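Protein chains: 2
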Amino acid sequence: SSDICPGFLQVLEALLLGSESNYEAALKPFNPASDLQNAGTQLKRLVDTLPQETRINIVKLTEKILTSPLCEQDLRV
Amino acid sequence: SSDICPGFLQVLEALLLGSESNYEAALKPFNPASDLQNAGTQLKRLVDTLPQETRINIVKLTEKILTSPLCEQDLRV
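Taken in order, these protein sequences are the chains called R and H.
With the UniProt record's numbering, letter number 63 in the first sequence gets 82, and the count goes up by one each step, no holes.
With the UniProt record's numbering, letter number 52 in the second sequence gets 71, and the count goes up by one each step, no holes.
Encoded structure:
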């Protein structure tokens, strides 16, 4: 379900896994305040310090929340 | 809009800001594989190393994506 706003899954799919460009780029479509933008970069580094497998699990971790009867809720249908 | 699955905003609201308990707890309703669970903790630490204000911005950062005409999309209505 498109609750996983494509734009949102985009950056995560790359904070966690793709180059600094991959982030900065992932981000332009939002146009965050530089201060904010900057906070983002600060984050991207520590994330970069963890192993491919640690970081991969962080991706699987999100996918565990994102696809359980908790998240993909039933409003009306 | 309830696209921000409450459960999902829950943990983030606390990876980024609340105690180790706050995370571990935020997480139980999902029941992740221990290995996965563990990956999560690894994350929570580096996040804990950044300043309150850095981390706060990471919260504002998400809220910037999450509430733009990009994310809160128009399917049908």
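Cβ atoms here follow ideal geometry from the backbone N, Cα and C, with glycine treated the same way.
Using beta carbons (cut-off 8 Å, strictly below), is residue i in contact with chain R?
i: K63 (chain H); result: no
Under a CB-based cut-off of 8 Å, is residue i close to chain B?
i: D54 (chain R); result: Here chain B cannot be found, since the structure's protein chains are R and H.
Suppose you measure from the CA of residue i to the CA of residue j; what does that come to, to the nearest Å?
i: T60 (chain R); j: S53 (chain R); result: 10 Å
i: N50 (chain H); j: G37 (chain R); result: 27 Å
i: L65 (chain H); j: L65 (chain R); result: 6 Å
i: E72 (chain H); j: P48 (chain R); result: 24 Å
Does the distance from the CB of residue i to the CB of residue j come in under 8 Å?
i: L62 (chain H); j: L89 (chain H); result: no
i: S20 (chain R); j: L94 (chain H); result: no
i: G26 (chain H); j: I84 (chain R); result: yes
Within its chain, find whatever has a CB closer than 8 Å to the CB of residue i; leave out the 5 residues flanking it on each side and keep chain order.
i: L46 (chain H); result: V30, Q56, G59
i: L28 (chain H); result: none
i: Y42 (chain R); result: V30, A33, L34, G59, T60, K63
Under 7 Å Cβ to Cβ from residue i, same chain only, skipping five residues before and after it: list those, please.
i: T81 (chain H); result: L31
i: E91 (chain H); result: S20, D22
List the residues of chain R whose Cβ lies closer than 7 Å to the Cβ of residue i, in chain order.
i: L80 (chain H); result: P51, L55, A58, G59
i: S87 (chain H); result: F49
Can you list, in chain order, the residues of its chain with a C-beta nearer than 6 Å to that of residue i? Leave out the 5 residues immediately preceding and following it.
i: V78 (chain H); result: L35
Give the residues of chain H in contact with residue i, contact being defined as C-beta atoms less than 8 Å apart.
i: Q92 (chain R); result: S21, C24
Can you pull the chain H neighbours of residue i, defined as C-beta to C-beta under 9 Å?
i: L69 (chain R); result: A58, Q61, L62, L65
Which residues of chain R have a Cβ atom closer than 8 Å to the Cβ of residue i, listed in chain order?
i: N41 (chain H); result: Under the 8 Å cutoff, chain R gives no residues; its nearest Cβ is about 16 Å from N41 (chain H).
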